[PDB]
Each structure stands twice: as C-alpha cells, then as structure tokens.
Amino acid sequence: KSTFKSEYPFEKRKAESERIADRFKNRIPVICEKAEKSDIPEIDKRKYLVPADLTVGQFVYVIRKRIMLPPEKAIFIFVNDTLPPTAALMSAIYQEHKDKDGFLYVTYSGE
C-alpha cells in the first residue's frame, strides 16, 4: 500500500541493509514491489535475500511462485525503470543499480 522506501526513514534502511551486508556474505537484499498500474496481485512479502549466483529470470521464477501467477499471465521486472536481461546475475544488477540506502529496488508488473 506504500512504497517501502517512503515507508521508512533512510537511517533505518541503511542501517538494516548494512547489517544485512554483514550477516550474509553471498546474499543480496531486494525490495520487490508491484507497479502501481498493474492488475497482477500484490505480493505478501517484498524483502528478499537472494543468492549471489541467482539470475534475474530465476528470481522472476521465484516471484511468480510467490503470487501464484499462472504461466499464461506475463510479469516483468524493472530496475531503475529498465528491463534487466533475464540472463543477468542479481548481484550484478545490485552492484550496478542499488540504492543509496543499500537495497536494490525492483518493481514488477505485466499489464
């Protein structure tokens, strides 16, 4: 109902993402939210700790599973309002598009 980012104070985020960068050597913190104008369901959880070696596509696979979104319906992940290549590694998108607060913000829609 409210973009995670606007939901908490910077220091609260940078603190956590930093505590995350400590407790997990090869994991990645991802905030995954629904595009405002997409019909597809709103996920229950939006903070993920994705494995270093995980690809975009695979991560998509995970989101689909989370909303129980049927193979006919299409979904799309965006980063910085861009469509990362499905073959990419999440870590790479992170190191290249993370937020100043330490998280990699990702949105999904399909419609």
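For every residue, the number given is its place in the sequence shown, counted from 1.
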Worksheet item: Looking only at CA atoms, which has the higher mean B factor in the entry: 12-20 or 86-94?
Response: 12-20
Worksheet item: According to the deposited model, is the average Cα temperature factor higher in 37-45 or in 60-68?
Response: 37-45
Fill in: CA B-factor placement of residue 2, once the chain's modelled residues are sorted into thirds
highest
Item to complete: Compare the C-alpha B factor of residue 50 with those of the other modelled residues in its chain, then answer lowest, middle or highest third.
Response: middle
